[PDB]
Amino acid sequence: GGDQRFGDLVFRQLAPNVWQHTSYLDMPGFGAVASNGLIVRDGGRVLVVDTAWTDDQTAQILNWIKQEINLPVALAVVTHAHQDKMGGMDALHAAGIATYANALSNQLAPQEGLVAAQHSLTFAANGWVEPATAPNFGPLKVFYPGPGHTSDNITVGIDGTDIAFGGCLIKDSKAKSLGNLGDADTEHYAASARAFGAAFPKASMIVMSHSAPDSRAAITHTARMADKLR
Ligand SMILES: O=C(O)c1cccc(=S)n1O
Ligand SMILES: [Zn+2]
Ligand SMILES: [Zn+2]
């Protein structure tokens with residue numbers, strides 16, 4: 001009903017200062033796969049969570065931001081070294097945008113056929129980002145839940161909203177599978193899922209890479225499906 005099309009992307013306002021960006025890529029056995037990230041206005045700047053699949057699509061995200069918000073993009077954080085999350089890093093860099101990822105994502109990105117972020121996040125033992133490594137993140141609350149979908153997957157809550165972003169760790173409350181497990185940590189996936197849920201106990205809107213936003217039943221149901229792996 002409320003989704004705004006812009007070229008080949010889709011933008012959905014989730015909250016006063018928060019939009020979901022969605023881009024698509026054909027893959028065998030799936031069709032044209034939606035990948036979601038976030039756009040957050042924080043005062044006079046914009047923050048991005050995840051690229052689109054490609055440079056061109058990512059440049060279109062920046063064009064939408066220019067048209068609809070018309071404020072500088074201060075930074076992007078990208079939530080692991082796969083194409084749906086880091087495929088457009090060159091577009092961000094060309095645009096002069098500072099980029100952040102888990103240290104491990106930056107380490108894996110070259111061999112994944114991806115471009116590393118410019119800055120590395122590190123995490124306390126409890127999984128909260130070390131705040132000095134995430135300067136100017138404003139309302140973004142970055143959390144490493146443990147290895148799951150990938151060894152390097154991270155998650156993002158938004159202060160002052162009921163939104164938490166699971167990226168490709170979380171699936172929707174009616175999801176059939178855990179999707180791509182080629183890089184999954186089969187032993188630990190199950191626990192990582194429930195850690196995300198625990199880190200963001202108040203969030204009623206669970207946003208994720210490959211489904212529309214859902215209730216926390218997404219977390220309960222993802223944890224459940226994961227339990228069957230270990
Ligand atoms: O693991 C999934 O849920 C998944 C399914 C289809 C495509 C991609 S990129 N992912 O991560
Ligand atoms: Zn992935
Ligand atoms: Zn994915």
# chains A, B, ... in the order shown; residues from 1 in each chain; ligands from 1
>>> select_by_dssp(residues="region 64-169 of chain A", states="alpha helix (DSSP H)", output="PyMOL selection string")
chain A and resi 64-68+83-86+89-94+103-108
>>> residues_around(residues="region 137-151 of chain A", least_positions_apart="5", cutoff="7 Å", atoms="only C-alpha atoms", output="ChimeraX atom specification")
/A:42,123,127-129,156-159,168-169,181,183-185,188-189,192,195-196
>>> write_last_selection(atoms="N, CA, C and O atoms", output="mmCIF file, in the first residue's frame")
data_model
loop_
_atom_site.group_PDB
_atom_site.id
_atom_site.type_symbol
_atom_site.label_atom_id
_atom_site.label_comp_id
_atom_site.auth_asym_id
_atom_site.auth_seq_id
_atom_site.Cartn_x
_atom_site.Cartn_y
_atom_site.Cartn_z
ATOM 1 N N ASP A 42 19.254 11.159 10.856
ATOM 2 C CA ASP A 42 19.565 11.536 12.227
ATOM 3 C C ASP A 42 19.968 12.997 12.189
ATOM 4 O O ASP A 42 21.069 13.339 11.767
ATOM 5 N N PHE A 123 33.902 -5.714 18.913
ATOM 6 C CA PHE A 123 32.782 -6.068 19.759
ATOM 7 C C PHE A 123 33.319 -6.497 21.127
ATOM 8 O O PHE A 123 34.310 -7.238 21.214
ATOM 9 N N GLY A 127 29.032 -8.814 23.017
ATOM 10 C CA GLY A 127 28.526 -8.673 21.655
ATOM 11 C C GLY A 127 28.153 -7.242 21.275
ATOM 12 O O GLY A 127 27.992 -6.967 20.081
ATOM 13 N N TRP A 128 28.020 -6.328 22.249
ATOM 14 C CA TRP A 128 27.807 -4.917 21.927
ATOM 15 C C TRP A 128 29.054 -4.362 21.239
ATOM 16 O O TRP A 128 30.185 -4.631 21.642
ATOM 17 N N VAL A 129 28.859 -3.508 20.227
ATOM 18 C CA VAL A 129 29.993 -2.895 19.568
ATOM 19 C C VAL A 129 30.748 -2.069 20.600
ATOM 20 O O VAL A 129 30.144 -1.504 21.502
ATOM 21 N N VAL A 156 21.532 -4.538 13.956
ATOM 22 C CA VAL A 156 21.448 -3.119 14.251
ATOM 23 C C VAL A 156 20.084 -2.747 14.829
ATOM 24 O O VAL A 156 19.070 -2.906 14.167
ATOM 25 N N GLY A 157 20.065 -2.180 16.037
ATOM 26 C CA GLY A 157 18.842 -1.579 16.556
ATOM 27 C C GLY A 157 18.825 -0.077 16.310
ATOM 28 O O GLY A 157 19.881 0.527 16.121
ATOM 29 N N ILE A 158 17.624 0.538 16.338
ATOM 30 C CA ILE A 158 17.526 1.978 16.200
ATOM 31 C C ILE A 158 16.916 2.560 17.468
ATOM 32 O O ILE A 158 15.729 2.350 17.750
ATOM 33 N N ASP A 159 17.747 3.310 18.203
ATOM 34 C CA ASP A 159 17.366 4.043 19.402
ATOM 35 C C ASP A 159 16.200 4.965 19.055
ATOM 36 O O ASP A 159 16.240 5.673 18.046
ATOM 37 N N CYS A 168 20.746 -10.940 7.519
ATOM 38 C CA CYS A 168 20.422 -12.286 7.086
ATOM 39 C C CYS A 168 20.499 -13.346 8.185
ATOM 40 O O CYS A 168 20.360 -14.516 7.858
ATOM 41 N N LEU A 169 20.565 -12.926 9.451
ATOM 42 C CA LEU A 169 20.435 -13.885 10.544
ATOM 43 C C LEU A 169 18.977 -14.313 10.745
ATOM 44 O O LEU A 169 18.727 -15.489 11.022
ATOM 45 N N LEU A 181 23.001 -21.675 3.755
ATOM 46 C CA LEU A 181 23.780 -22.133 4.896
ATOM 47 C C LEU A 181 25.206 -22.484 4.469
ATOM 48 O O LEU A 181 25.959 -23.047 5.260
ATOM 49 N N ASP A 183 27.750 -20.716 4.204
ATOM 50 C CA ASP A 183 28.715 -20.058 5.069
ATOM 51 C C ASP A 183 28.230 -20.043 6.513
ATOM 52 O O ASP A 183 28.809 -19.385 7.367
ATOM 53 N N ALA A 184 27.153 -20.778 6.795
ATOM 54 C CA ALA A 184 26.579 -20.759 8.124
ATOM 55 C C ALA A 184 27.445 -21.577 9.078
ATOM 56 O O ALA A 184 28.143 -22.512 8.683
ATOM 57 N N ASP A 185 27.376 -21.168 10.334
ATOM 58 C CA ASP A 185 27.965 -21.908 11.431
ATOM 59 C C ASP A 185 26.860 -22.778 12.012
ATOM 60 O O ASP A 185 26.075 -22.276 12.804
ATOM 61 N N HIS A 188 26.524 -23.107 15.834
ATOM 62 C CA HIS A 188 26.268 -21.937 16.666
ATOM 63 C C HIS A 188 25.077 -21.112 16.166
ATOM 64 O O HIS A 188 24.590 -20.256 16.899
ATOM 65 N N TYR A 189 24.607 -21.374 14.936
ATOM 66 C CA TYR A 189 23.548 -20.562 14.344
ATOM 67 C C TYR A 189 22.409 -20.421 15.345
ATOM 68 O O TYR A 189 21.914 -19.338 15.621
ATOM 69 N N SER A 192 22.995 -17.981 18.098
ATOM 70 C CA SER A 192 23.220 -16.607 17.665
ATOM 71 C C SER A 192 21.871 -15.910 17.463
ATOM 72 O O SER A 192 21.665 -14.782 17.908
ATOM 73 N N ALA A 195 20.359 -14.802 20.715
ATOM 74 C CA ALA A 195 21.139 -13.701 21.278
ATOM 75 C C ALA A 195 20.701 -12.341 20.723
ATOM 76 O O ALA A 195 20.621 -11.369 21.471
ATOM 77 N N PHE A 196 20.405 -12.277 19.409
ATOM 78 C CA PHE A 196 19.882 -11.062 18.787
ATOM 79 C C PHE A 196 18.597 -10.621 19.490
ATOM 80 O O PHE A 196 18.433 -9.457 19.869
#
>>> residues_near_ligand(ligand="ligand 1", cutoff="6 Å", atoms="only C-alpha atoms and all ligand atoms", output="ChimeraX atom specification")
/A:84,168,178-180
>>> residues_around(residues="residue 134 (chain A)", least_positions_apart="2", cutoff="9 Å", atoms="only C-alpha atoms", output="PDB file with C-alpha atoms, in the first residue's frame")
ATOM      1  CA  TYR A 100      31.979   0.512   8.588  1.00  0.00           C
ATOM      2  CA  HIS A 119      36.680   1.122   9.042  1.00  0.00           C
ATOM      3  CA  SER A 120      36.438  -1.933  11.294  1.00  0.00           C
ATOM      4  CA  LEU A 121      34.036  -2.448  14.168  1.00  0.00           C
ATOM      5  CA  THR A 122      35.024  -4.585  17.115  1.00  0.00           C
ATOM      6  CA  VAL A 129      29.993  -2.895  19.568  1.00  0.00           C
ATOM      7  CA  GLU A 130      32.864  -1.107  21.257  1.00  0.00           C
ATOM      8  CA  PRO A 131      31.434   2.414  21.059  1.00  0.00           C
ATOM      9  CA  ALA A 132      34.755   4.108  20.254  1.00  0.00           C
ATOM     10  CA  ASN A 136      28.901   9.263  14.931  1.00  0.00           C
ATOM     11  CA  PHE A 137      26.553   6.252  14.755  1.00  0.00           C
ATOM     12  CA  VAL A 142      25.272  -2.367  16.644  1.00  0.00           C
TER      13      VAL A 142
END
>>> residues_near_ligand(ligand="ligand 3", cutoff="12 Å", atoms="only C-alpha atoms and all ligand atoms", output="PyMOL selection string")
chain A and resi 23-25+27+30+33-37+50-53+79-87+149-150+153+166-171+178-184+208-211
>>> write_last_selection(atoms="C-alpha atoms", output="short mmCIF file (atom, residue, chain, number, x, y, z; two decimals), in the first residue's frame")
data_model
loop_
_atom_site.label_atom_id
_atom_site.label_comp_id
_atom_site.auth_asym_id
_atom_site.auth_seq_id
_atom_site.Cartn_x
_atom_site.Cartn_y
_atom_site.Cartn_z
CA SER A 23 16.76 -4.22 -4.24
CA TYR A 24 16.54 -7.38 -6.33
CA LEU A 25 18.82 -9.97 -7.90
CA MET A 27 19.40 -16.33 -8.38
CA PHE A 30 14.85 -18.48 -5.83
CA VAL A 33 15.49 -12.19 -4.53
CA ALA A 34 14.64 -9.10 -2.43
CA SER A 35 17.33 -7.77 -0.12
CA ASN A 36 16.44 -5.13 2.49
CA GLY A 37 18.52 -2.55 4.29
CA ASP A 50 23.72 -2.28 3.99
CA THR A 51 24.33 -1.66 0.32
CA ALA A 52 22.13 -3.02 -2.46
CA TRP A 53 23.26 -6.00 -4.50
CA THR A 79 26.25 -6.28 8.12
CA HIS A 80 28.38 -9.06 6.53
CA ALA A 81 30.55 -9.96 3.53
CA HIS A 82 27.96 -11.21 1.06
CA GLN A 83 26.86 -9.53 -2.16
CA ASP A 84 23.41 -8.47 -0.94
CA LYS A 85 25.02 -6.46 1.93
CA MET A 86 28.36 -5.28 0.46
CA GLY A 87 27.86 -5.54 -3.32
CA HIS A 149 24.08 -17.03 8.89
CA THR A 150 27.78 -16.20 8.58
CA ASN A 153 27.04 -11.33 10.73
CA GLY A 166 18.50 -8.86 11.95
CA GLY A 167 19.99 -8.77 8.44
CA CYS A 168 20.42 -12.29 7.09
CA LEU A 169 20.43 -13.88 10.54
CA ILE A 170 16.63 -13.59 11.02
CA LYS A 171 13.81 -14.95 8.86
CA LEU A 178 17.07 -20.69 7.03
CA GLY A 179 18.03 -19.98 3.41
CA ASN A 180 21.71 -20.09 2.42
CA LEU A 181 23.78 -22.13 4.90
CA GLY A 182 26.90 -22.46 2.73
CA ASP A 183 28.72 -20.06 5.07
CA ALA A 184 26.58 -20.76 8.12
CA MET A 208 15.44 -8.50 8.04
CA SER A 209 17.25 -9.01 4.75
CA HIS A 210 14.87 -11.25 2.84
CA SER A 211 11.38 -10.74 4.31
#
>>> select_by_dssp(residues="region 28-213 of chain A", states="strand (DSSP E)", output="MDAnalysis selection string")
chainID A and resid 31:42 45:49 73:78 98:102 119:121 140:143 155:158 163:165 205:207
>>> atom_distance(atom1="CA of residue 18 (chain A)", atom2="CA of residue 152 (chain A)")
24.7 Å
>>> residues_around(residues="residue 220 (chain A)", least_positions_apart="4", cutoff="9 Å", atoms="only C-alpha atoms", output="short mmCIF file (atom, residue, chain, number, x, y, z; two decimals) with N, CA, C and O atoms, in the first residue's frame")
data_model
loop_
_atom_site.label_atom_id
_atom_site.label_comp_id
_atom_site.auth_asym_id
_atom_site.auth_seq_id
_atom_site.Cartn_x
_atom_site.Cartn_y
_atom_site.Cartn_z
N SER A 173 8.29 -14.95 10.53
CA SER A 173 7.65 -15.85 11.48
C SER A 173 6.97 -17.02 10.76
O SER A 173 6.50 -17.94 11.42
N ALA A 193 20.92 -16.64 16.87
CA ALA A 193 19.58 -16.12 16.64
C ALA A 193 18.94 -15.63 17.94
O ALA A 193 18.42 -14.52 18.01
N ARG A 194 18.99 -16.44 19.01
CA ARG A 194 18.29 -16.05 20.23
C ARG A 194 19.04 -14.92 20.94
O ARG A 194 18.41 -14.12 21.61
N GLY A 197 17.69 -11.60 19.67
CA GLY A 197 16.41 -11.35 20.32
C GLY A 197 16.60 -10.78 21.72
O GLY A 197 15.93 -9.83 22.11
N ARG A 216 8.19 -10.03 16.85
CA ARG A 216 9.29 -10.75 17.46
C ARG A 216 9.12 -12.25 17.27
O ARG A 216 10.03 -13.03 17.53
N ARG A 224 13.78 -21.27 16.80
CA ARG A 224 13.18 -22.59 16.83
C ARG A 224 13.78 -23.42 15.70
O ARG A 224 14.36 -24.48 15.92
N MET A 225 13.69 -22.88 14.47
CA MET A 225 14.16 -23.58 13.29
C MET A 225 15.65 -23.90 13.41
O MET A 225 16.16 -24.85 12.81
#
>>> residues_around(residues="residue 229 (chain A)", least_positions_apart="5", cutoff="8 Å", atoms="only C-alpha atoms", output="list in words")
residues 186, 187, 189 and 190 of chain A
>>> atom_distance(atom1="CA of residue 116 (chain A)", atom2="CA of residue 78 (chain A)")
9.8 Å
>>> residues_around(residues="residue 218 (chain A)", least_positions_apart="3", cutoff="8 Å", atoms="only C-alpha atoms", output="number ranges by chain")
A: 170-174, 206, 214-215, 221-222
>>> write_last_selection(atoms="C-alpha atoms", output="PDB file, in the first residue's frame")
ATOM      1  CA  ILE A 170      16.631 -13.585  11.020  1.00  0.00           C
ATOM      2  CA  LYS A 171      13.809 -14.949   8.860  1.00  0.00           C
ATOM      3  CA  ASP A 172      10.101 -14.164   9.101  1.00  0.00           C
ATOM      4  CA  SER A 173       7.646 -15.850  11.483  1.00  0.00           C
ATOM      5  CA  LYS A 174       6.388 -18.031   8.607  1.00  0.00           C
ATOM      6  CA  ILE A 206      11.941  -6.995  13.362  1.00  0.00           C
ATOM      7  CA  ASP A 214       7.648  -8.860  11.264  1.00  0.00           C
ATOM      8  CA  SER A 215       6.881  -9.152  14.980  1.00  0.00           C
ATOM      9  CA  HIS A 221      10.581 -18.845  15.013  1.00  0.00           C
ATOM     10  CA  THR A 222      14.070 -18.369  13.641  1.00  0.00           C
TER      11      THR A 222
END
>>> closest_residue(among="A:9, A:114, A:15, A:104", to="residue 61 (chain A)", atoms="only C-alpha atoms")
A:9
>>> atom_distance(atom1="CA of residue 7 (chain A)", atom2="CA of residue 90 (chain A)")
19.8 Å
